[PDB]
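K.L.:
This is the structure I have questions about; it appears just below.
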Amino acid sequence: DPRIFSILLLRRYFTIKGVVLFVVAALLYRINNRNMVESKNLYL
Amino acid sequence: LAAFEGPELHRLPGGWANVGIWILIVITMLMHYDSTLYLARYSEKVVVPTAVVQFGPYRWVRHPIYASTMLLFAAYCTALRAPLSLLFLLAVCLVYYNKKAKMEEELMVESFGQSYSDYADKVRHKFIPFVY
Amino acid sequence: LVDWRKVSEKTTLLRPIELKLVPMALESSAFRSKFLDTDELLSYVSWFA
């Protein structure tokens, strides 16, 4: 129910804490799609 | 039959084509929960309704619990992208659910009098919205 | 749709500020007749708010 979010949203530390987890999640997702060996053939 | 007629496992795509099963599963869970809650918030005992429920999915369809079970059936069958098994599942579940819906509908018609009659006149579609 | 003559004959003992607050209470009592649930109305009210 959007009101459940909205009551807490309408009520400096929290934003920075939430944006740190944003760049950490971005890092983990970006590292997640690449194979550790990009060139299997050139190392083969 | 959905398992077998469906293709081999890791070849089905991803990306933006796997959002449909997400939203359909969310819809069937939401509609089933609403149907069960609206059916259980009025009955005194386990299944003993007092008034007629005509709220939530009941104002779109006469049997939303059965159609939600139907829709998660279709969700599993559509996750593996097999239309024919979805159709046969639809046929058999339509037959049995329609039989059981007919007995329960005549029971509440007999038991409640005009109330369920006008409720059924308000919403005719028994299983699928404006299809059945 | 409301014949206000008979409503005036039903509010003879009343006062102008209550004569002003009559219509919304009248609509509420009109909505009282049908059969409806609290939580659906509450959900719609929350969504619209």
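Following the order of the structure tokens, chains are lettered A, B, ..., residues in each are numbered from 1, and ligands are numbered from 1.
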Using only C-alpha atoms, which chain C residues lie at most 12 Å away from chain A, written as a ChimeraX atom specification?

P.N.:
/C:42-49

K.L.:
Go ahead and save the residues from that selection, with N, CA, C and O atoms, as an mmCIF file, in the first residue's frame.

P.N.:
data_model
loop_
_atom_site.group_PDB
_atom_site.id
_atom_site.type_symbol
_atom_site.label_atom_id
_atom_site.label_comp_id
_atom_site.auth_asym_id
_atom_site.auth_seq_id
_atom_site.Cartn_x
_atom_site.Cartn_y
_atom_site.Cartn_z
ATOM 1 N N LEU C 42 -11.900 2.012 2.439
ATOM 2 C CA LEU C 42 -10.684 2.536 3.051
ATOM 3 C C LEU C 42 -9.504 2.467 2.088
ATOM 4 O O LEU C 42 -8.696 3.399 2.018
ATOM 5 N N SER C 43 -9.396 1.372 1.333
ATOM 6 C CA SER C 43 -8.319 1.228 0.357
ATOM 7 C C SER C 43 -8.451 2.252 -0.765
ATOM 8 O O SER C 43 -7.460 2.865 -1.183
ATOM 9 N N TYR C 44 -9.673 2.448 -1.269
ATOM 10 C CA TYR C 44 -9.891 3.454 -2.308
ATOM 11 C C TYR C 44 -9.598 4.858 -1.788
ATOM 12 O O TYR C 44 -9.015 5.686 -2.499
ATOM 13 N N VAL C 45 -9.993 5.138 -0.543
ATOM 14 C CA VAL C 45 -9.741 6.446 0.065
ATOM 15 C C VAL C 45 -8.243 6.682 0.209
ATOM 16 O O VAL C 45 -7.736 7.768 -0.086
ATOM 17 N N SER C 46 -7.511 5.655 0.655
ATOM 18 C CA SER C 46 -6.063 5.777 0.795
ATOM 19 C C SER C 46 -5.384 5.992 -0.553
ATOM 20 O O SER C 46 -4.491 6.842 -0.679
ATOM 21 N N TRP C 47 -5.805 5.238 -1.576
ATOM 22 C CA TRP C 47 -5.219 5.395 -2.904
ATOM 23 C C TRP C 47 -5.481 6.786 -3.465
ATOM 24 O O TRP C 47 -4.576 7.417 -4.024
ATOM 25 N N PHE C 48 -6.713 7.282 -3.324
ATOM 26 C CA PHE C 48 -7.027 8.612 -3.830
ATOM 27 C C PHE C 48 -6.325 9.703 -3.030
ATOM 28 O O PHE C 48 -5.858 10.686 -3.609
ATOM 29 N N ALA C 49 -6.218 9.543 -1.709
ATOM 30 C CA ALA C 49 -5.524 10.528 -0.890
ATOM 31 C C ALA C 49 -4.041 10.597 -1.215
ATOM 32 O O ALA C 49 -3.463 11.689 -1.198
#

K.L.:
Near chain B, which residues of chain C fall within 10 Å when you count only C-alpha atoms, and what do they look like as a PyMOL selection string?

P.N.:
chain C and resi 35-37+39-40

K.L.:
So which bits of chain B end up alpha helix (DSSP H) when you DSSP the backbone, as a ChimeraX atom specification?

P.N.:
/B:2-5,20-40,64-79,83-112,114-122

K.L.:
Between atom CA of residue 9 of chain B and atom CA of residue 67 of chain B, what is the spacing in Å?

P.N.:
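Calculated distance between atom CA of residue 67 of chain B and atom CA of residue 9 of chain B is 27.7 Å.
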
K.L.:
Mind giving me the straight-line distance from atom CA of residue 32 of chain B to atom CA of residue 69 of chain B in Å, one decimal?

P.N.:
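About the pair atom CA of residue 32 of chain B and atom CA of residue 69 of chain B: they are 7.7 Å apart.
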
K.L.:
Need to verify the contact set: residue 123 of chain B, 9 Å, only C-alpha atoms, exclusion of same-chain residues closer than 3 positions in sequence. Can you return it as a list in words?

P.N.:
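Counting only the stated atoms, we get residues 58, 59, 60, 61, 62, 118, 119, 120 and 126 of chain B.
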
K.L.:
Env of segment 97-113 of chain B: 12 Å cut, atoms = only C-alpha atoms, seq-sep filter 2 positions within chain, self excluded. Answer as an mmCIF file with N, CA, C and O atoms, in the first residue's frame.

P.N.:
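The new file part10.cif reads:
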data_model
loop_
_atom_site.group_PDB
_atom_site.id
_atom_site.type_symbol
_atom_site.label_atom_id
_atom_site.label_comp_id
_atom_site.auth_asym_id
_atom_site.auth_seq_id
_atom_site.Cartn_x
_atom_site.Cartn_y
_atom_site.Cartn_z
ATOM 1 N N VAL B 47 -16.666 -22.943 6.458
ATOM 2 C CA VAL B 47 -17.414 -22.450 5.298
ATOM 3 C C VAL B 47 -18.882 -22.377 5.712
ATOM 4 O O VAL B 47 -19.655 -23.310 5.471
ATOM 5 N N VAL B 48 -19.286 -21.251 6.298
ATOM 6 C CA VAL B 48 -20.690 -20.930 6.565
ATOM 7 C C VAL B 48 -20.856 -19.434 6.314
ATOM 8 O O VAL B 48 -20.750 -18.634 7.256
ATOM 9 N N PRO B 49 -21.071 -19.002 5.071
ATOM 10 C CA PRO B 49 -21.230 -17.565 4.815
ATOM 11 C C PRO B 49 -22.542 -17.036 5.372
ATOM 12 O O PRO B 49 -23.555 -17.739 5.408
ATOM 13 N N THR B 50 -22.513 -15.777 5.812
ATOM 14 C CA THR B 50 -23.704 -15.113 6.339
ATOM 15 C C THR B 50 -24.333 -14.196 5.294
ATOM 16 O O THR B 50 -25.534 -14.283 5.022
ATOM 17 N N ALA B 51 -23.534 -13.309 4.713
ATOM 18 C CA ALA B 51 -23.977 -12.429 3.648
ATOM 19 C C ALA B 51 -23.313 -12.845 2.337
ATOM 20 O O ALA B 51 -22.531 -13.798 2.284
ATOM 21 N N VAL B 52 -23.625 -12.127 1.263
ATOM 22 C CA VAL B 52 -23.066 -12.392 -0.057
ATOM 23 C C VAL B 52 -21.855 -11.485 -0.239
ATOM 24 O O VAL B 52 -21.911 -10.288 0.072
ATOM 25 N N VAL B 53 -20.750 -12.060 -0.697
ATOM 26 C CA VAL B 53 -19.530 -11.300 -0.938
ATOM 27 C C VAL B 53 -19.551 -10.782 -2.373
ATOM 28 O O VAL B 53 -19.687 -11.555 -3.328
ATOM 29 N N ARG B 62 -17.254 -14.417 -10.792
ATOM 30 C CA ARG B 62 -18.050 -15.126 -9.797
ATOM 31 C C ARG B 62 -17.252 -16.136 -8.981
ATOM 32 O O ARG B 62 -17.667 -16.469 -7.867
ATOM 33 N N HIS B 63 -16.128 -16.631 -9.496
ATOM 34 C CA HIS B 63 -15.300 -17.599 -8.774
ATOM 35 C C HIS B 63 -13.837 -17.219 -8.936
ATOM 36 O O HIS B 63 -13.140 -17.708 -9.833
ATOM 37 N N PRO B 64 -13.334 -16.337 -8.074
ATOM 38 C CA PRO B 64 -11.954 -15.856 -8.223
ATOM 39 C C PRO B 64 -10.898 -16.776 -7.629
ATOM 40 O O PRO B 64 -9.754 -16.755 -8.087
ATOM 41 N N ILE B 65 -11.246 -17.576 -6.616
ATOM 42 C CA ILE B 65 -10.291 -18.537 -6.062
ATOM 43 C C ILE B 65 -9.901 -19.560 -7.123
ATOM 44 O O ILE B 65 -8.713 -19.840 -7.355
ATOM 45 N N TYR B 66 -10.908 -20.114 -7.800
ATOM 46 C CA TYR B 66 -10.676 -21.144 -8.802
ATOM 47 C C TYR B 66 -9.959 -20.560 -10.008
ATOM 48 O O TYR B 66 -9.073 -21.203 -10.577
ATOM 49 N N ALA B 67 -10.305 -19.326 -10.378
ATOM 50 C CA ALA B 67 -9.641 -18.666 -11.496
ATOM 51 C C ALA B 67 -8.210 -18.276 -11.147
ATOM 52 O O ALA B 67 -7.355 -18.188 -12.030
ATOM 53 N N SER B 68 -7.918 -18.050 -9.867
ATOM 54 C CA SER B 68 -6.550 -17.743 -9.462
ATOM 55 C C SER B 68 -5.679 -18.992 -9.490
ATOM 56 O O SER B 68 -4.512 -18.943 -9.898
ATOM 57 N N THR B 69 -6.245 -20.117 -9.043
ATOM 58 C CA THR B 69 -5.556 -21.397 -9.186
ATOM 59 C C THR B 69 -5.326 -21.701 -10.668
ATOM 60 O O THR B 69 -4.239 -22.135 -11.078
ATOM 61 N N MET B 70 -6.350 -21.421 -11.482
ATOM 62 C CA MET B 70 -6.264 -21.499 -12.937
ATOM 63 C C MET B 70 -5.133 -20.633 -13.479
ATOM 64 O O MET B 70 -4.391 -21.051 -14.377
ATOM 65 N N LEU B 89 -4.900 -27.979 -19.912
ATOM 66 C CA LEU B 89 -5.108 -27.612 -18.517
ATOM 67 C C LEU B 89 -6.356 -26.761 -18.359
ATOM 68 O O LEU B 89 -7.168 -27.006 -17.459
ATOM 69 N N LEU B 90 -6.529 -25.771 -19.240
ATOM 70 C CA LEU B 90 -7.717 -24.930 -19.218
ATOM 71 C C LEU B 90 -8.975 -25.754 -19.432
ATOM 72 O O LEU B 90 -9.970 -25.556 -18.739
ATOM 73 N N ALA B 91 -8.935 -26.708 -20.365
ATOM 74 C CA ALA B 91 -10.107 -27.532 -20.645
ATOM 75 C C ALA B 91 -10.506 -28.368 -19.432
ATOM 76 O O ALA B 91 -11.672 -28.359 -19.014
ATOM 77 N N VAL B 92 -9.544 -29.080 -18.836
ATOM 78 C CA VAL B 92 -9.884 -29.979 -17.735
ATOM 79 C C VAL B 92 -10.288 -29.188 -16.490
ATOM 80 O O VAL B 92 -11.260 -29.541 -15.798
ATOM 81 N N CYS B 93 -9.581 -28.088 -16.200
ATOM 82 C CA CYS B 93 -9.934 -27.283 -15.039
ATOM 83 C C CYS B 93 -11.258 -26.566 -15.253
ATOM 84 O O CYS B 93 -12.041 -26.423 -14.312
ATOM 85 N N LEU B 94 -11.545 -26.139 -16.488
ATOM 86 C CA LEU B 94 -12.847 -25.567 -16.805
ATOM 87 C C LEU B 94 -13.957 -26.577 -16.567
ATOM 88 O O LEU B 94 -14.974 -26.250 -15.955
ATOM 89 N N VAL B 95 -13.755 -27.827 -17.000
ATOM 90 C CA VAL B 95 -14.796 -28.845 -16.843
ATOM 91 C C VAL B 95 -15.082 -29.096 -15.365
ATOM 92 O O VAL B 95 -16.229 -28.986 -14.903
ATOM 93 N N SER B 115 -30.653 -12.689 -3.147
ATOM 94 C CA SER B 115 -29.415 -11.932 -2.980
ATOM 95 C C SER B 115 -28.327 -12.417 -3.934
ATOM 96 O O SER B 115 -27.737 -11.629 -4.687
ATOM 97 N N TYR B 116 -28.067 -13.726 -3.938
ATOM 98 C CA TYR B 116 -27.069 -14.251 -4.861
ATOM 99 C C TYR B 116 -27.561 -14.188 -6.300
ATOM 100 O O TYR B 116 -26.745 -14.113 -7.223
ATOM 101 N N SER B 117 -28.880 -14.186 -6.510
ATOM 102 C CA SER B 117 -29.406 -14.037 -7.865
ATOM 103 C C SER B 117 -29.061 -12.666 -8.435
ATOM 104 O O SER B 117 -28.586 -12.558 -9.571
ATOM 105 N N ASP B 118 -29.273 -11.603 -7.651
ATOM 106 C CA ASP B 118 -28.925 -10.272 -8.146
ATOM 107 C C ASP B 118 -27.412 -10.088 -8.212
ATOM 108 O O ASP B 118 -26.909 -9.346 -9.064
ATOM 109 N N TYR B 119 -26.670 -10.758 -7.323
ATOM 110 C CA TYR B 119 -25.213 -10.728 -7.412
ATOM 111 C C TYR B 119 -24.725 -11.360 -8.714
ATOM 112 O O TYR B 119 -23.810 -10.848 -9.368
ATOM 113 N N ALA B 120 -25.330 -12.487 -9.101
ATOM 114 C CA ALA B 120 -24.965 -13.146 -10.350
ATOM 115 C C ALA B 120 -25.441 -12.358 -11.561
ATOM 116 O O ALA B 120 -24.815 -12.417 -12.626
ATOM 117 N N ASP B 121 -26.557 -11.637 -11.431
ATOM 118 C CA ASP B 121 -26.970 -10.740 -12.505
ATOM 119 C C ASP B 121 -26.005 -9.572 -12.658
ATOM 120 O O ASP B 121 -25.807 -9.078 -13.775
ATOM 121 N N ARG B 124 -21.841 -11.832 -14.470
ATOM 122 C CA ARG B 124 -22.164 -13.141 -15.029
ATOM 123 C C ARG B 124 -20.917 -14.004 -15.181
ATOM 124 O O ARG B 124 -20.965 -15.210 -14.913
ATOM 125 N N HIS B 125 -19.802 -13.400 -15.596
ATOM 126 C CA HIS B 125 -18.607 -14.152 -15.965
ATOM 127 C C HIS B 125 -18.090 -14.973 -14.792
ATOM 128 O O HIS B 125 -17.700 -14.432 -13.754
ATOM 129 N N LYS B 126 -18.098 -16.293 -14.969
ATOM 130 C CA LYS B 126 -17.878 -17.236 -13.882
ATOM 131 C C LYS B 126 -16.402 -17.467 -13.587
ATOM 132 O O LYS B 126 -16.013 -17.526 -12.414
ATOM 133 N N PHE B 127 -15.569 -17.614 -14.618
ATOM 134 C CA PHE B 127 -14.159 -17.936 -14.422
ATOM 135 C C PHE B 127 -13.229 -16.897 -15.032
ATOM 136 O O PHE B 127 -12.308 -16.429 -14.355
ATOM 137 N N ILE B 128 -13.438 -16.512 -16.286
ATOM 138 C CA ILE B 128 -12.555 -15.554 -16.945
ATOM 139 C C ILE B 128 -13.326 -14.255 -17.157
ATOM 140 O O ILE B 128 -14.505 -14.297 -17.538
ATOM 141 N N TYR B 132 -15.801 -16.143 -19.825
ATOM 142 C CA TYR B 132 -16.489 -17.335 -19.342
ATOM 143 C C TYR B 132 -17.258 -17.005 -18.066
ATOM 144 O O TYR B 132 -18.488 -17.043 -18.034
#
